[PDB]
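What follows is a short report on a single structure.
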Amino acid sequence: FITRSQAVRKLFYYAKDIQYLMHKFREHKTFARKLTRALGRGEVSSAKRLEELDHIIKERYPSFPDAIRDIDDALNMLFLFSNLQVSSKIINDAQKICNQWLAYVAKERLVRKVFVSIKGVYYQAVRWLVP
RNA sequence: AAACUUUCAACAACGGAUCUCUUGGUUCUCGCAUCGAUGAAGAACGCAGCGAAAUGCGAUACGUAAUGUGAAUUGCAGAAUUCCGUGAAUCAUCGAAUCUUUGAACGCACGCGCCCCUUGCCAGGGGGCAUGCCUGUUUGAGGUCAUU
């Protein structure tokens, strides 16, 4: 069997289900060198012109109910960031997402269990936590 | 004498010489430019029911695809055909396919490796990986200049 390091370099796992999986993140690296070239040129207009995961979601979760498997960690991370070198815009977006989720939950009032704890106020709809 | 040597008329054998002819050769004149990595010429193996040569064909193998003709092919068997019909010919045209192994011959050589993928540790199935050079994209390394 191909080792994890060897498989990653080529791209313990089954080779049958990994070889076919070899098929914009790599292309984005060119933007760094283009920006460096623009900086070297000393003009910012070209830099401004240069400046101007749905696919993975479906395969991981082919159906909406399947999202519940990872929704625990998803909500945990989102709520942790909502209260936390992360940019302020990322924090604001995470807080807005959590606020919208809470508003929708309150609209339907789909809550069954709660538990105030030292770690945080636990909740159940699916279980989720907020600090 | 018979037998046997020799000249000649007739009869009986060789060979195709003479005569007649040819889907032939040679020579003259006229129109055109038409080989090849999108794989040339050439060589080997197979293909028709029966097959020596020639021609055609490449496991779709004396052919497959398409149009015209309209009732065949023929040495033998065999097929039919609704033949008033989108339909037979070993017919003609031929623009669409297949195109075995070699061969400029092209994975590495003087047997024999790799990407791919697939339908079921492992495999069938399908295309490629030769060298010289031109344009473009990607990565890596090294000389100049800048670095308050």
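Throughout, read-outs are computed from the coordinates displayed, never taken from laboratory work. Note: ideal-geometry Cβ built from the backbone for every residue, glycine included; neighbour counts use all protein chains shown.
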Fill in: segment A:52-120 - Kirkwood radius from inverse mean 1/r over Cα pairs (Å)
14.2
Worksheet entry | Coarse-grained scattering of segment A:1-66 at q = 0.27, 0.30 Å⁻¹, given as base-10 log I(q)/I(0) from a Debye sum over alpha-carbon atoms | -1.11, -1.17
Practice prompt. Would you mind getting me the FRET efficiency between A:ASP93 and A:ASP17? Use the beta-carbon distance for r and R0 = 30 Å, nearest 0.05.
Written response: 0.30
Item to complete: Compute the separation of the alpha-carbon centres of segment A:21-42 and segment A:88-117 and state it in Å as a whole number.
Response: 37
Discussion item. Across chain A, what fraction of all alpha-carbon pairs, as a whole percent, falls in each successive 5 Å bin from zero upward?
Written reply: 2, 7, 10, 12, 12, 12, 11, 12, 11, 6, 2, 1, 0
Practice prompt. May I ask you to evaluate 6.51 cos²θ - 1.76 cosθ + 1.60, the Karplus curve with θ = phi - 60°, for each residue of segment A:110-120 and list the ³J(HN,Hα) values in order in whole Hz, giving x for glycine and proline?
Written response: 7, 10, 10, 9, 9, 7, 6, 9, 4, 4, x
Discussion item. Could you order the peptides A:38-51, A:92-105 from most to least packed, using the average number of other C-beta atoms within 10 Å per residue?
Written reply: A:92-105, A:38-51
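Taking 35 Å as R0, compute the FRET efficiency from the Cβ-Cβ separation of A:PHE25 and A:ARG109 and round it to 0.05. Before the final figure, lay out each step's value.
Working: r = 41 Å, r/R0 = 1.18.
According to the calculation, E is roughly 0.25.
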Worksheet entry | For chain A, calculated [θ]222 nm from helices alone, where every DSSP H run of n ≥ 4 adds -39500 (n - 2.57) | -17500 deg cm²/dmol
